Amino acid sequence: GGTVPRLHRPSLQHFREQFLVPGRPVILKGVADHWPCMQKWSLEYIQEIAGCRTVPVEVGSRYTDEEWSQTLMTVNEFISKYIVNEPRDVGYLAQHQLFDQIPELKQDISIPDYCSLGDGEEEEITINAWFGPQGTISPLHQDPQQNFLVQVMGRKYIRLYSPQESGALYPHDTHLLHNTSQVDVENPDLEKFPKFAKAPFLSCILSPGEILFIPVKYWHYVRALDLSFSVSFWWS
């Protein structure tokens, strides 16, 4: 398919009518460009301010893997073990409300103005950290709210598939995993998942300073291309 459209600081109104109401993904430029975190977040800064804090870490290349597990460690431990010193295994600090834990970090980001278009309240917006090495994969899944994914460090390759295309995504039947596809997007078993081939999609390479809008229930897959650090805002 095609690329996600990029737009330089679209107005509330036009963001609302063109993307939010109809549920169309878009990359917003010029918005997160000047937030303090783009200039200062780096390994040394992360260690200095968060080094000693305990954090959940996912070990294993993909969360749908049989051998995937979850563990806890300090930030310094995570960086030395899964990022810096030739990691034996894949470690991802994922989906963690790090700003709740380290409130000094929260001044480096801002809640995007477009969040105010939803009929929910500011403080109920969930802000998650996503930090890991090159090569981390988040398998094809859907979320229950709107999402603003801001890229601070590195790049990410992302594939988006519409919620209307769900039939072709072969979601798990378990209930726990109903929001996760059974397909490995980048090397799909087309003998087992033949409908996946036809399903149209959008893709992009999200880069630092860019905000991707992922509409509620829109399926998304993410693979970090470099040492990456993203911030997601879930809102309604």
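In case it trips you up, residue 1 is the first one in the sequence shown, and so on.
Across the other entries compared, at least a third leave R62 without coordinates even though the residues on each side are present. Per the PDB record, of the two stretches 214 to 222 and 7 to 15, 7 to 15 carries the greater mean B-factor over its C-alpha atoms. Comparing 169 to 177 with 195 to 203, the stretch with the higher mean C-alpha B-factor in the PDB entry is 169 to 177. Across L105, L149, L140, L72, the greatest Cα temperature factor reported in the deposited entry is at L105.
Per the deposited record, the Cα B-factor of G135 falls in the lowest third when ranked against the other modelled residues of its chain.
Compared with the other modelled residues of the chain, the Cα B-factor recorded for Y114 ranks in the highest third. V84: CA B factor in the highest third of modelled residues in this chain (values from the PDB entry). In this PDB entry, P208 carries a Cα temperature factor that places it within the middle third of its chain's modelled residues. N128 sits in the lowest third of its chain by CA B factor, as recorded in the PDB entry.
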